[PDB]
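Protein sequence lines correspond, in order, to chains A, I, H, J and B. Here the first sequence stands for residues 8 to 434, where the numbers follow the deposited numbering. Here the second sequence stands for residues 24 to 358, where the numbers follow the deposited numbering. Here the third sequence stands for residues 24 to 252, 258 to 358, where the numbers follow the deposited numbering. Here the fourth sequence stands for residues 3 to 100, where the numbers follow the deposited numbering. Here the fifth sequence stands for residues 3 to 224, 239 to 322, where the numbers follow the deposited numbering.
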Amino acid sequence: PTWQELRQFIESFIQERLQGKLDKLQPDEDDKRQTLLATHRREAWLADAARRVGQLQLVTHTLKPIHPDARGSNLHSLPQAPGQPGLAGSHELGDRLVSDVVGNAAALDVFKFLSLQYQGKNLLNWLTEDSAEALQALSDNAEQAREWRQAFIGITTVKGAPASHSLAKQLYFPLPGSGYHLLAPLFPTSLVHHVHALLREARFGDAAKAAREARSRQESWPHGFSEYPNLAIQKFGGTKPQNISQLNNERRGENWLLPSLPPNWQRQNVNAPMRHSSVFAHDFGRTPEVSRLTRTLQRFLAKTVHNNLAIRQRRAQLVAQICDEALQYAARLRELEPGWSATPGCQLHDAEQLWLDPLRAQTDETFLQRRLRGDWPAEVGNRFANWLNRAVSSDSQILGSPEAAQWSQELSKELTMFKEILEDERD
Amino acid sequence: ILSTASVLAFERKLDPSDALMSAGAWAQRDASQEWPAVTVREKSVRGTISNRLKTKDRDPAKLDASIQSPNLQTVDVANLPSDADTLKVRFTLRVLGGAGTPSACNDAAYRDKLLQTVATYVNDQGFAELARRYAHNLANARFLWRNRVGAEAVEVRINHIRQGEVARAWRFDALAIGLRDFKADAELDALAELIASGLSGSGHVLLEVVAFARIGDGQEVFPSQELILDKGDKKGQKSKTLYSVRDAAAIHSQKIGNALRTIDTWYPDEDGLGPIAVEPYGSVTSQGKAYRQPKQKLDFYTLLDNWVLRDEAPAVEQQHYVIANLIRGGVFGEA
Amino acid sequence: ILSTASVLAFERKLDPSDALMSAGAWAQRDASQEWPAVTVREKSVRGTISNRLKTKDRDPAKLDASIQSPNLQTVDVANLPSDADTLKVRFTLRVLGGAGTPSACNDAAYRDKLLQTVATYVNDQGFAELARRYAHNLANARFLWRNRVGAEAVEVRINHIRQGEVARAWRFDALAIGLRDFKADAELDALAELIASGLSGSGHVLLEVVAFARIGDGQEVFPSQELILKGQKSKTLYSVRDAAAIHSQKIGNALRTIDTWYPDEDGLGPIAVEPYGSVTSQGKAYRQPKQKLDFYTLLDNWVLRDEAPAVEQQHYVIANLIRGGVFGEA
Amino acid sequence: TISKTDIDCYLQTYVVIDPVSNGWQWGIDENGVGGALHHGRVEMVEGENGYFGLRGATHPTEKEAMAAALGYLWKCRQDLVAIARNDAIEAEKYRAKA
Amino acid sequence: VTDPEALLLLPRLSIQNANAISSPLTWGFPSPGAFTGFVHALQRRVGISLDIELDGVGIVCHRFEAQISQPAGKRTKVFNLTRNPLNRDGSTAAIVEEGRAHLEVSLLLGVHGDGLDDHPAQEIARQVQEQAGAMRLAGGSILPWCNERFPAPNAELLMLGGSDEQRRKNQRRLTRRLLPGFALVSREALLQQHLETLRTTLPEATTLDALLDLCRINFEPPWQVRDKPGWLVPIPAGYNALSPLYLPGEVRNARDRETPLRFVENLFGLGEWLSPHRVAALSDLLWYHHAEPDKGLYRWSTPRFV
């Protein structure tokens, strides 16, 4: 916090840039050393930095990821937190802001100069507050240091009138009474950089690679790890990502979008269950979802029931999910053809074919329509329960205890719901 | 002073869908509702090098050792079946209407002047030259892009779909209707008047365009190829991916729209190409050259500024091009 | 100056289909439309080590220990059935025309110069030498690649298909018509004038080429082969839908085997029309660019600086323009 | 210089070790999440006589079922191995960076 | 907000190039702001003439196909793009990656007003469907169903039931009609209580991290994966203010110069794809707007869910 050591640090940094240019210069003639030591070695480099602060800008929400021929206004704005619970984004960054920089890529020497952590903090925040060590180390004149401060503090101030381009997005939002607001959203590069760093740390970090070794060795570990499936890479600069922002050079494009996908985003096809007789075990149970569901029940049905509520709610919602995928299987099977049980056979599940093909009633007006409306074919739930009791293990310790009675109770409860849904199929 | 709007945005009128291609036999085109879909499958290719050497790698050792290490690609290929010689390409077209009304306009002065200018056009000469050419590019199957270049017979069927059914049906010989002459015809004039009444009215006109092309047994059909950057590592890389909606090959909707917009025979360069697509700074992606440059006063921005701002109305051809851009859509506007 | 264009994309003329292979008995080749297709199936193979040892594996304990545990595999094999001695390979071939026109070209003046060059070629000499050799490669069943080499009698039936029906039907003996001499026949010249009328744009030509090869009962046929992603699966064969097939680019490569004009010896016979005319089997590129006889130097002298090559070399150049390709620099 | 167990670090998410009463039967998760309940596209296979379960021998310990799973993935399915290879290379570059 | 008097059902609408990029952090199904803005545009275009107030939308998504591809040797996905026109000099334009997805959603619209009495139910259902056929739902065209087996019609279900059994009966009749999909709701109470649990685990936790924790599949040591209650997707649940509210003719290059502009920023909340018979009342699960514009915090959710 003495001005002499900060003077030593700034002259040391510009002398490091001097030896950097004289190392990556490869000059032997033309006398570039004179103009090189006249430009980047004296205190006129700070005058050129006070010129170059106007080209750069510390930004938190830039507009350049929206279509890059959009010359709008970028913001270093931190939003206030919602009082409403649940949702949040980009105001959660309290000390973990990365403070993106847009502008010229050859002008980033000013940002490398501002990113120094010389005493205990950045020189930026030292230039915000009034201090004696500030405004005196980098000068010998007072008013020149004042105008240098007013130049150097302007990297966090938005330049120009507020503007969002025609290529930028702006979207009407209806107020509760009769109004609209324009709502031009900006791209959060600091939030994307924080989520990108979190994802790279959870996937490639040392504490994650250690638990990844411990699962591949099948050993035990203190902590676990994470996967983040179904990510999508969205790149912003095509072949030149430097023109979008500074942080889009660290992540070369690579937005790393999270999957907000519906569960029927892998919808394979529907095949009419012709050559079988127990559709819950051949075409329904062969689906990739209910196999995982029944295996998770088989894991969850043979254990200690001391955690009665937590295991009981899990088994109830799992049986609800299995009867749910049964109802979705019967629902999506109605797009096949109106008649496929009319295709002749001998063993084709003639009690479940009253359920999975209701459009034979449109063809057989009195022959097959009146045989499912008076019977109301809903004994399918009992066969569904006989299929679902193959998920429980054949253990006498599971049979004698109250676990079998509680399992049968909530299983019959969800089967009452599923059968009551199948009861009123005719409205 | 009537400056230009800083935000201009016209929606896309003439909004097609993905052209589903299926397959069967000619002389049962009338029962082509259960024709099986052309599926996109993979095949393996192995090729030698054929691109130009860069005058430093022309020596025979490197060339002969480079034909011993060939590139091995898995490409997507869509073919007709070996018992089907006819390709049925089917899509739907919505002709929306409200063709001069912008979806976004800053200035109410510029908006009112542009609506006054568009209404002056429509009363002076309606959508009858534009929709005639749109009906041509429907009638000749220009949307069959490479699926047309060797066909024995192309036949386009267009059905005006009203509230539940076909209100009025057309049927064209798409090879008699050329890809370069926007002539006159009675049924083309009826279809043009329908596309005009769609582009004028407040509601959409829905058409069902089906084009059968008698290619040959087992021949290759050419659906749209997908713009996939980052194909990945070269081992399991699929070097060509063909577009297909649901296990059924297809042409992209913007490719069908690009074929429908090919009405522009008004650009100042000579018509060795004939019609090109209506674009601001009218630029053919296959030619790599932008006609209608701003160094001449014949692009869409200069003509729209002269027509709306200072009332220098162009000729009827260039104002056809301007209103065709307004039907085409686009995001215009300066900073 | 008239430099060459940076994009140049010629569409492929002479489009073949995937050559489906069926299987039946000879002397009922005429009723060969219900012939069951050759199915690609799996058999397990097991071979001892037979490649060259790299001077370190010639240790006898290492050699015997590698022989004691040989590699198991599971190849895809396609055979004729044991009661069927004939292979019917059936494709269609569509001859398009418009050969000198590119599908993509930056320069308009270069495209005009190239079109004038190809037009002067066609006006001086049509597609009459080219279509003769293409009709030969249809007539001698070169598209039967290894299905031809030990066949007793190969017979090709080429049908020109107008409207929906057979307009003019040829029937050749593919073993009397050799693989290396382009002689003259009446029916070969009729097929050549048809492929000429197709390649000039003066008609619509869709041929259907059926080739019967009398191999033997139960013998092995050779469809096209895919690249592969104990049971190592060392060979994967092509098939469209449970029916073995040859790739269409293999059929087209056999149809382009017309280039008898390369500067080396004529002992090999015709090779395929490729720029820097290369054979993958022999590992050698004839028409190297160091001699002035590859496609690019001949084209850039014929079109840019108006040095018209020899008549056979411009036959080769227009055969490349019929062939297709992505020409043009970066 | 990326070793085999660092590739196994990202290859182990493609396997699933289901518990049976005899032992531990490994399987293959095609979506790479260890057989998760919702995001997990597990690979089920058809065997000799009505076998619809995980491809994998019922091993006594999880240490050997996972090892047989990794050995199967290394022998046969080299696309998931290339996935795990590129994951391991990006992890090594990440520790070279951060 | 206010309860729907009736519940209109737009049937399975096919959208061909919807915005797969929901937000800067999420891809997949488009944002619920797209659907709420579509229903406000339906109100703005046909609802002010039928004297009804179309408010609240329930999103169902029978079929979803994203135009994505998985590159070779990569675990993640990239987007299949479109080839834009050239520049005026003939070069290829700079590629801006947009995600396109083919949807098949059916919308449940809350309808309340005095126009329910003045008009028949099928008339206003037909009018909002014939107006929706000329519209777009997330940037993608609504395919208008020509020449299939039969066109899917509407049903405006009056939520006022004469009895509770009849009300449960026609909720079942509507749920059976929109069954092969999965209704999208908002679970932000679950996000907050998961944040509270993660804060009792480790202090100084943000609910961005709790949202991520509900997104991942966590592997746990003894190995087992941590189970989840439902599908639990991340959705953009609105906007948060970055700038103060600017006057209409004050900001530069706005959409209109008669509406106050304010630079905003996404607010990622939690969603949950559940089947429509798990709600037991379809007059819930409808997405409304909540502005509170003096604070910022322009957001959508489905209140009255649980």
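All C-beta atoms, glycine included, are put in the ideal place defined by N, C-alpha and C.
query = CA-CA distance, A/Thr303 and A/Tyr235?
reply = On the first sequence, position 296 is the one that residue 303 of chain A refers to. On the first sequence, position 228 is the one that residue 235 of chain A refers to. Spanning the two alpha carbons is a distance of roughly 21 Å.
query = Does any C-beta atom of chain H lie closer than 7 Å to the C-beta of I/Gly241?
reply = One-based indexing of the second sequence puts residue 241 of chain I at position 218. I/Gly241 counts as touching chain H.
query = Does any C-beta atom of chain I lie closer than 7 Å to the C-beta of A/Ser84?
reply = One-based indexing of the first sequence puts residue 84 of chain A at position 77. Judged by the 7 Å Cβ criterion, A/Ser84 is not in contact with chain I.
query = Taking the C-alpha atoms as reference points, what is the distance between A/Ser84 and B/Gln133?
reply = Locating residue 84 of chain A in the first sequence gives position 77, counting from the first residue. Locating residue 133 of chain B in the fifth sequence gives position 131, counting from the first residue. Separation of A/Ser84 and B/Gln133 (C-alpha to C-alpha, rounded to the nearest whole angstrom) is 40 Å.
inquiry  = Measuring only the C-alpha atoms, how far is I/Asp80 from B/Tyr255?
reply    = Here residue 80 of chain I refers to the residue found at position 57 of the second sequence. Here residue 255 of chain B refers to the residue found at position 239 of the fifth sequence. Roughly 57 Å separates the two Cα atoms.
query = From B/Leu105, B/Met161, B/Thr318 and B/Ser291, pick the residue whose C-alpha is nearest to that of B/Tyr304; which is it?
reply = Position 288 of the fifth sequence, counted from the start, is the residue given in the question as residue 304 of chain B. For the set B/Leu105, B/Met161, B/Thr318 and B/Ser291, the Cα lying nearest the Cα of B/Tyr304 is the one of B/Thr318.
query = Which chain J residues are close to H/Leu252, counting only those with a beta carbon under 8 Å from its beta carbon?
reply = What you label residue 252 of chain H is simply residue 229 of the third sequence in a count that begins at 1. Ordered by position in chain J, the residues that pass the 8 Å Cβ test against H/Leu252 are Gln80 and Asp81.
query = Does the count of Cβ pairs from the segment 108-123 of chain I and the segment 220-237 of chain I closer than 8 Å reach three?
reply = Counting Cβ pairs under 8 Å, three or more are found: they touch.
task = Answer yes or no: do H/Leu167 and H/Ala236 have a C-beta to C-beta separation smaller than 7 Å?
result = In the third sequence, the residue the question calls residue 167 of chain H occupies position 144. In the third sequence, the residue the question calls residue 236 of chain H occupies position 213. Yes, these two residues count as a Cβ contact at 7 Å.
query = When you compare each of A/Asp55, A/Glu50, A/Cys330 and A/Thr69 to B/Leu258 by their alpha carbons, which one comes out closest?
reply = Within the fifth sequence, the letter at position 242 stands for residue 258 of chain B. Of the candidates A/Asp55, A/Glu50, A/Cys330 and A/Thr69, A/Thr69 places its Cα closest to the Cα of B/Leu258.
inquiry  = For I/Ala271, which residues in the same chain have their Cβ closer than 8 Å to its Cβ, ignoring the five residues on either side in sequence?
reply    = As a working note, residue 271 of chain I is residue 248 in the second sequence. Apart from the 5 residues on each side of it in sequence, I/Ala271 sits with its Cβ closer than 8 Å to the Cβ of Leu43, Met44, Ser45, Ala60, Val61 and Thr62 in its chain, given in chain order.
task = Just the chain I side, please: which residues come within less than 8 Å of B/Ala74 by C-beta, in chain order?
result = For the purposes of this step, residue 74 of chain B is identified with residue 72 of the fifth sequence, where counting begins at 1. Simply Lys254, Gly255, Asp256, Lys257, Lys258, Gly259, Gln260 and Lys261.
ask   = Of all the residues that make up the segment 298-320 of chain I, which are near chain B by a beta-carbon distance shorter than 7 Å?
value = Along the segment 298-320 of chain I, the positions whose C-beta sits under 7 Å from a C-beta of chain B are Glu302, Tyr304, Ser306, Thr308, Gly311, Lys312, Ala313, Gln316 and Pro317, read in chain order.
request  = Would you be able to state if there are at least three C-beta pairs under 8 Å between the segment 238-257 of chain A and the segment 71-85 of chain B?
outcome  = Segments in contact, yes.
inquiry  = Check this for me: beta carbons of J/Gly58 and B/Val241, under 7 Å apart or not?
reply    = As a position in the fourth sequence, residue 58 of chain J is number 56, starting the count at 1. As a position in the fifth sequence, residue 241 of chain B is number 225, starting the count at 1. Their beta carbons are not under 7 Å apart, which means J/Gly58 does not touch B/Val241 by this criterion.
query = Applying the criterion that 16 or more other CB atoms from any shown protein chain within 10 Å of the CB defines a buried residue, is residue 255 of chain H buried or exposed?
reply = A break in chain H separates 252 from 258, and the residue in question, residue 255 of chain H, sits inside that break with no coordinates.
message = I'd like to know if A/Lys420 contacts chain J, where contact means its C-beta is closer than 7 Å to some C-beta of that chain.
response = The residue given as residue 420 of chain A occupies position 413 in the first sequence. Residue-level contact check: A/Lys420 does not touch chain J, since none of the beta carbons of chain J fall below 7 Å from its beta carbon.
ask   = Quick one: does B/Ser291 have its CB under 7 Å from some CB of chain A?
value = For the purposes of this step, residue 291 of chain B is identified with residue 275 of the fifth sequence, where counting begins at 1. Closer than 7 Å to some Cβ of chain A, the Cβ of B/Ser291 qualifies, so yes.
message = Quick test of your reading: H/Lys261 and H/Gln248, contact by CB under 8 Å. State the CB separation rounded to the nearest angstrom.
response = Taking the first residue of the third sequence as position 1, residue 261 of chain H is located at position 233. Taking the first residue of the third sequence as position 1, residue 248 of chain H is located at position 225. Not a contact, Cβ separation roughly 12 Å.
message = Measuring straight from C-alpha to C-alpha, what distance separates A/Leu178 and I/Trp330?
response = Your numbering for residue 178 of chain A matches position 171 in the first sequence. Your numbering for residue 330 of chain I matches position 307 in the second sequence. For the pair A/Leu178 and I/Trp330, the Cα-to-Cα distance works out to about 30 Å.
key: Candidates A/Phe194, A/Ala170 and A/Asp30, of which the one nearest B/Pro26 by Cα   = Taking the first residue of the fifth sequence as 1, we reach residue 26 of chain B at position 24. Among A/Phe194, A/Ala170 and A/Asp30, the Cα nearest to that of B/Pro26 belongs to A/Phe194.
ask   = What are the boundary residues of the alpha helix (DSSP H) that J/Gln27 is part of?
value = Here residue 27 of chain J refers to the residue found at position 25 when the fourth sequence is read from its first residue. DSSP places J/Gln27 outside any alpha helix (DSSP H); the residue lies instead in the beta strand (DSSP E), whose first and last residues are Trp26 to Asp31.
I/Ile200 vs I/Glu231 beta-carbon contact at 7 Å = Stepping through the second sequence from its first residue, residue 200 of chain I is reached at position 177. Stepping through the second sequence from its first residue, residue 231 of chain I is reached at position 208. By the CB criterion at 7 Å, I/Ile200 and I/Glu231 fall outside the cutoff.
Option nearest J/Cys78 by Cα separation, candidates H/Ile346, H/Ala209, H/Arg69 and H/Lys258 = Within the fourth sequence, residue 78 of chain J is the residue found at index 76, counting from 1. If we check each option's Cα against that of J/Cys78, H/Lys258 comes out closest.
query = So the beta strand (DSSP E) A/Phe425 belongs to, where does it begin and stop?
reply = Here residue 425 of chain A refers to the residue found at position 418 when the first sequence is read from its first residue. Taken as a continuous stretch (DSSP letters only), A/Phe425 belongs to no beta strand (DSSP E), being part of the alpha helix (DSSP H) at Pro409 to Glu430.
request  = Measuring only between beta-carbons, confirm whether I/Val331 sits less than 7 Å from chain H.
outcome  = Locating residue 331 of chain I in the second sequence gives position 308, where the first residue counts as 1. No, no contact with chain H.
request  = Compare the C-beta of B/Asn149 with all C-beta atoms of chain I and state if any pair is closer than 7 Å.
outcome  = Within the fifth sequence, residue 149 of chain B is the residue found at index 147, counting from 1. B/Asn149 counts as touching chain I.
ask   = Are any of the Cβ atoms in chain I nearer than 7 Å to that of A/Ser173?
value = The residue labelled residue 173 of chain A in the question sits at position 166 within the first sequence. Yes, contact with chain I.
inquiry  = Check whether chain B comes within 7 Å of I/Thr109, counting only Cβ atoms and requiring the distance to be less than that.
reply    = Taking the first residue of the second sequence as 1, we reach residue 109 of chain I at position 86. By this cut-off, I/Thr109 is not an interface position.
message = What does DSSP give as the partner residue(s) for A/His313 in the beta ladder?
response = In the first sequence, residue 313 of chain A corresponds to position 306, counting from 1. According to DSSP, A/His313 bridges with nothing at all.
message = Strictly below 9 Å CB to CB, what residues from chain B border J/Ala69?
response = In the fourth sequence, residue 69 of chain J corresponds to position 67, counting from 1. Result: empty, since nearest Cβ-Cβ is about 14 Å, beyond 9 Å.
ask   = Quick one: what's got a C-beta closer than 8 Å to I/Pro246's C-beta in the same chain, skipping five residues either side?
value = Position 223 of the second sequence, counted from the first residue, corresponds to residue 246 of chain I. The answer, listed in chain order, is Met44, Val61, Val63, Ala101, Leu265, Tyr266, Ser267, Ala272, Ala273 and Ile274.
ask   = Nearest to H/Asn74 by CA position, among H/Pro93, H/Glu65 and H/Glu57, is which residue?
value = Here the question's residue 74 of chain H lines up with position 51 in the third sequence. Per the Cα distances, H/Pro93.
query = Under the three-state reduction of DSSP, which class applies to H/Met44: helix, strand or coil?
reply = Taking the third sequence and counting its residues from 1, one reaches residue 44 of chain H at position 21. Residue state, collapsed to three classes: strand.
task = State buried or exposed for B/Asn19, treating a residue as buried only when at least 16 other CB atoms are found within 10 Å of its CB.
result = To locate residue 19 of chain B, count along the fifth sequence from 1; it is residue 17. It counts as buried.
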